[PDB]
Every structure is written in structure tokens, then in C-alpha cells.
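This document starts with one chain, in the form deposited in one PDB entry, laid out as C-alpha cells.
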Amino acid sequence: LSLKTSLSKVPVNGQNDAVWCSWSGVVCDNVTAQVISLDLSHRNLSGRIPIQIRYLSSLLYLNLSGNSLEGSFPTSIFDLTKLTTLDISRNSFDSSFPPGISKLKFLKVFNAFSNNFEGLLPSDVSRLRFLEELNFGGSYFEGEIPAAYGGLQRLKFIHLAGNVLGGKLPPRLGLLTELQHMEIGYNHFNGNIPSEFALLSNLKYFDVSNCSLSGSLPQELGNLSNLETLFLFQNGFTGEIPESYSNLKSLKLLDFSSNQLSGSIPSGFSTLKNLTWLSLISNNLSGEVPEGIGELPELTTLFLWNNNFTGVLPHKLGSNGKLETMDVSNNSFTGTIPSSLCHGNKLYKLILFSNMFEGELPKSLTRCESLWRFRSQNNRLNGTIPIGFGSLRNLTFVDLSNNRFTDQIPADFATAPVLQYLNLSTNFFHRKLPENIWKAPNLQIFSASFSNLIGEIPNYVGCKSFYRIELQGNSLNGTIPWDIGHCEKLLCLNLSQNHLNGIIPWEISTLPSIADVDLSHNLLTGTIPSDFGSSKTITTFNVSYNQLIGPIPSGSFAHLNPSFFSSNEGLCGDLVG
């Protein structure tokens, strides 16, 4: 009976980003005991509720959410004694919440999420004995949680996240016999989680994260079966994870990231066969990862980074055919990389950097069809980077730097279809760059520096998307290829600390955007082509420790660092000609 359904001649036009009361208020003076539902949601309306709404005495449903209503809460609505659900969320109501919701004795749903309320949560609501959902999140509520909200038997959903509440969590809330969902994080609560919460036997969803909580995690919450979602990240919990938590047989998502937890992942975690998401980022955890975590039938997300785990990664990880992202960077893992990680071709993000992994990159990883981001630098991986990565259709970011890769560089990298970043620096190759490395379609950043490269630099054929090229600190001999003006997107080039002879490629001056150039510590000879002084874009041109001769250019070279030279003579701006 909303949007002027029954007239209850007169208006049917409830639209037009106009304001209520007076566009409204006629709706009410159609006095009528015929109106049981009124839905004024998402009409772009702005203001106050008129006193006269008290005359819609038969209302059961009232939803005014998603407008711009303002002012303090209108206590006239408390005269709608038959109201059963009231949705006020996503408005601009402010001030302390006024008393009197008690008279809505049959109220079953109250949603006020996202408002401007301040002051204390209304202790008055503890008297709505039929209520089932309460949502006061998203405002500026202050103070403690009223311990009397624990008398809200019948209540199954409570949301108070995103205010500025604090104090200790009221132990009495643990008597909400029928509570299925509790979301109360993003506040300033202190102290620990009351162990009485272990009586919320129906609880499926438990947040309270990004608060100020502390203590050991209460062992008693192993009692919460039925629970599927447990978020307690961004707090101050210390101590170890209770081994009692292996009894949360329904748990699908676990997130303890950003606390101070110590000790090991409890090996009972290997029994949580419904786990989808295991996240323990940024803690003080240690020891080994229980092998059975590699056997979890539904695990999709495995975040263990920024701890100090020892030992090997579980051999069978990925064999469930479901892994999507794994990140264990910044630990002390050892051993080889399991072959099964991408079984199922669902793995798209594989992050392993800053460990001590050993052995050859498993060749199964070259047939991981879904792989997209691969970061494995700062390890001890040896052998030949296998061939096959350039045949993955979505691999765009690869970092294998600071490892121990030897022999050659896979030639299929140059034919990877969407690869955008490839590093490979620091590695001990002792062979040439792949002949068609510059061919590559998309590839903006390539950085094989200090990787014991040898031989000449291939001709810059194509060079479509490169904007940063790092090859410094190898033994590249020969001449810098003279067709470098094909690299029209180039911004930074470093070929310093090599064995390059010959002249500076004048085609460097076909420079739409070149900014940083470092050719120092080589054996170059010849002038700096005076045309370089016309570049309105070069800010660094380090060419020191070479065998160059002649004047330095002027123009946009006249205000460069003299240190950038150390060879012989140069335009008045140093040692006159």
C-alpha cells in the first residue's frame, strides 16, 4: 500500500527530487486506516518527518532508507504502535537517539545503519521483546554497549560496527540465545572477548575487528560450532591460537591478521574441512605449517605472510584443485615449491618472496593457465628457469630477481601475450639476453640487472611498451644498438657498469619522453651528440667513467650535475674548450 497505490482526484506522483512533508504530509492527511505499508525509499528526499504521520495508525512496514532525511529522530513514529519493521538506514539523522522506541512493542526489524547519530546507544531498545534484527552501525555513537541489550531474547542479528564505541565488551551479551550474526568491529572496544560469548550456540558470523581488543584468545570459543565467519583482525591479541579452535567444524573464513599472536598454527586446523579462507598476516607466529593444511578440501585463500614460519611447505598443497591465491612472503620457509599448487587452473596470485626456498622452479608452474601475478624474489631457487611461461594467457607480473638461476633465459618470455613486469635481476645466468626480448607486445618494466649477462644487446626491434629498462652491472660488450628510437615510451634506461664500446646512439635524441639515462662505467667514445641539448625532457644523463671526447652540449644540458662527467673537456660549463 505504498507509492500512492490506494488513493486512501489527488496525487500518484511521489517522485521529483523534491522534499517530503509538504509533498508528503498530504499523504498523511489522507487520514485512512487503509495504509499498512509505506515505502518511501530512494526518492532523493530531504528533511524531517511531519508530526501528522501519527495518523497512519495501521502501519506495519515503514521504509525511508536511502534518502537525505535530516534532523533528530522524529518521535512521532513511536506513535505507530502497530509498526513491525522500520528501515531508517542511509540518511542524515543526527543528535542523541530520543527515548520512546518501547511503545513499538511489536517491532521486529529496526535498521538505522549509516546515519549521523551521536551520544549513547538508546538503553530504551532493550525493552523490545519481539525484536530480531538491530542495525545501529555506521554513525557516531559513543560510550559502552548497554549490558541490557543482552536481554534481547529472540534477537538473531546485531550490527553496531563503525561508530566510536568503547570500553569493555559486556559479558551479558553472551545470553542472546538466538543470535546468529554479530558485527561490532571498527570501534574502540578494549579488554578481551568475554568467555560468556561461548554460549551463543547459534552464532554463524562473528566480526569485532579493527577495534582495540587485547589478551589471549579465549579458549572457550571452541564451543561455537555452527560458526562460519570469524574475523578478529587489526587488534592487539597476544598469546597463542587456542587448540580448542579445531572444534569450529563449520568455520569457512578465519582472519587473525594484524595482531601479536605467538606460537604455531594448531595442527587441529587440519580438521576444519570447511575452511575457505585462512589469513594470519602480520603476527609473531612461528614453527611449521601443519601438513594437513595442504589437504583441506575447500581451501581457496591462504595468507601467512609477515610471520616467522620455519620448515617446508605442505607437499600436497593445491591438490584439492581449488587454490586461488597464496601468499607466504616474508617468512623462513625452505624446501621446494610444491608441484600441485595450480592443480585445477584456479591459482592466479602466487606470492613467495623473502623466504629460503630451494630447488628448481617446478615445471608444473609453467602450465598454470590462470596464473597472473608471480612474486618469488629473494630466495635460493637454482637451475634453469623453465620454458613455458610465455604460453600463459594472463601472466602479467613476474618477479624472479635475487635468486640463483643459471644457464639461459627462457625465450618464450619475449612472446608472453600480456606480461607487463619482468625483473630477473641478480641471478648468475652467464648467457645472452634472448634475441627477441624487445619484440614483446606488452612489457613496460624489464630489469635483468646484475644477472651476469654477456654478449651484445639485441637490436631494439619493435620495443612497443617498454618504459623502464635495467641492464646495469653485467658484462654486455659490443655497441649500444643505434635503433633505440623504436622505444618511444622509454623513460629510464640504465646500461651502466658493462663493457660497452662505441658511440652514444644519436637516435637517443628521438626522445619523446626519455628522462633518466645511465651509461656510466663503460668504454664509450665519441661526442655527446649536441642535439641532446634540445631534449626538453632529460633530467639525468650519467655518462661518467667513459672515454668520451669533445664539448658537452648546452641548452637543456647546461644545468645538469657536473658529476655526470669524468672523461674529457666540455662546453664552457666545465674546463673551457
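When you see a residue number, it is the position in the sequence shown, counting from 1. Residues that one form lacks are left out of the comparison. Here the rigid core means the biggest group of C-alpha atoms that line up within 1.5 Å when the two forms are laid on top of each other.
> According to the PDB entry, how many deposited residues between residue 8 and residue 9 are absent from the model (none, 1 to 3, 4 to 9, 10 or more)?
Going from residue 8 to residue 9, the model skips 4 to 9 residues of the deposited sequence.
> Which wins on mean Cα temperature factor, 43 to 51 or 25 to 33?
Mean C-alpha B-factor is greater for 25 to 33.
> Which is higher on average in the deposited entry, the C-alpha temperature factors of 565 to 573 or of 549 to 557?
Comparing 565 to 573 with 549 to 557, the higher average CA B-factor belongs to 565 to 573.
> Report the option among 181, 375, 468, 103 whose CA atom has the maximum B-factor in the deposited record.
Comparing C-alpha B-factors across 181, 375, 468, 103, the top value belongs to 103.
> Report the option among 87, 399, 243, 327 whose CA atom has the maximum B-factor in the deposited record.
That would be 243.
> Using the B-factors in the PDB entry, rank residue 252's C-alpha atom against the chain and give the third, lowest, middle or highest.
Its C-alpha B-factor belongs to the lowest third of this chain's values.
> Splitting the chain's C-alpha B-factors into thirds, which one does residue 298 fall into?
Answer is lowest: the recorded C-alpha B-factor places it there.
> Can you work out whether the C-alpha temperature factor of residue 511 puts it in the lowest, middle or highest third of the chain?
Highest third.
> Grab the CA temperature factor for residue 135 from the record and place it in the lowest, middle or highest third of its chain.
Within its chain, residue 135 is a lowest-third residue by C-alpha B-factor, going by the deposited values.
> Lowest, middle or highest third: where is residue 427 by Cα B-factor in its chain?
Ranked within chain, residue 427 CA B lands in the middle tercile.
One more form of this protein should be noted, the form deposited in another entry, which is absent from this view; the next part is about it.
> For residue 519, does the CA position differ by 2 Å or more between this form and the one not shown when the superposition is done on the rigid core?
No: residue 519 shifts by under 2 Å between this form and the one not shown.
> I want to check residue 509: does it shift between this form and the one not shown by 2 Å or more at the Cα, with the core superposed?
Not so; residue 509 is displaced by less than 2 Å.
> Looking in the other form, decide if the C-alpha atoms of residue 117 and residue 24 are closer or farther than in the form shown; they differ by 3 Å or more.
More distant in the other form, by 3 Å or more.
> So the CA-CA distance for residue 477 and residue 569 moves by at least 3 angstroms in the other form. Closer or farther than here?
Closer in the other form, by 3 Å or more.
> Fitted on the core, where are the consecutive stretches (at least 3 residues) whose C-alpha atoms all shift 2 Å or more between this form and the one not shown?
1 to 8, 17 to 34, 566 to 577 are the stretches that shift between this form and the one not shown.
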